[PDB]
């Protein structure tokens, strides 16, 4: 809850019910400096960021010179991963769309734990915790709340972290999804297994209009295998319900 704002509460249960899921929804109106949120408890509870963190992973990689807008290609070992989309030469842009985990992982390993921990502190990401370079953003060491996601996503968008203007734009393109009416949708999914047949899903991002910018984050928990997709669908139905994104 940024200083100099106001909060509103709404019920979107039915949108979550459609996917046999429970979770939260945080939306932020820049112009109105207003937050609209469903389920305050979930919206303020931290969870493993999962693939949602790739946005910042990518930003650190660029800022370090590990990769550039022009050269971000990375040939793949030959490892037969459980997902056919990971099993091929990746690109920063292809790794994001596909959440090709190995790409960012081998990206995080090049930077190292010391520089990694320093980073989480430099942008104060969630609890800022860390286990090992390979899975800190998946194993539950590092956690951030749906509300925290929105606030830091705005800091990224506005570049209050003062990173090279060029890299921000690069990460922005990597997650730009669609453009309808006069609005541009940007976002990123996240999926985590919480037990057993109970998965968690994330879908954060923002909507850019001609005179405004909406930041949103949805976090879910249910029996849906592809929680990341279901959370995106939920956020999207709600977004389309308030006429923010057609």
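Numbering follows the first chain given and starts at 1.
> Quick check: 120 to 128 versus 172 to 180, which has the larger average CA B-factor in the record?
Here the higher of the two C-alpha B-factor means belongs to 172 to 180.
> Which wins on mean Cα temperature factor, 190 to 198 or 205 to 213?
Of 205 to 213 and 190 to 198, the stretch with the higher C-alpha B-factor average is 190 to 198.
> When the modelled residues of the chain are sorted by Cα temperature factor, does residue 34 land in the lowest, middle or highest third?
Middle third by C-alpha B-factor.
> Divide the modelled residues of the chain into thirds by Cα B-factor and specify which third, lowest, middle or highest, holds residue 64.
Answer is highest: the recorded C-alpha B-factor places it there.
> Against its chain's modelled residues, does residue 222's Cα B factor rank lowest, middle or highest third?
Ranked within chain, residue 222 CA B lands in the highest tercile.
> Name the third of the chain's ranked CA B-factors that contains residue 71, choosing lowest, middle or highest.
Its C-alpha B-factor belongs to the highest third of this chain's values.
> Quick check for you: using the entry's CA B-factors within this chain, is residue 148 in the lowest, middle or highest third?
Answer is lowest: the recorded C-alpha B-factor places it there.
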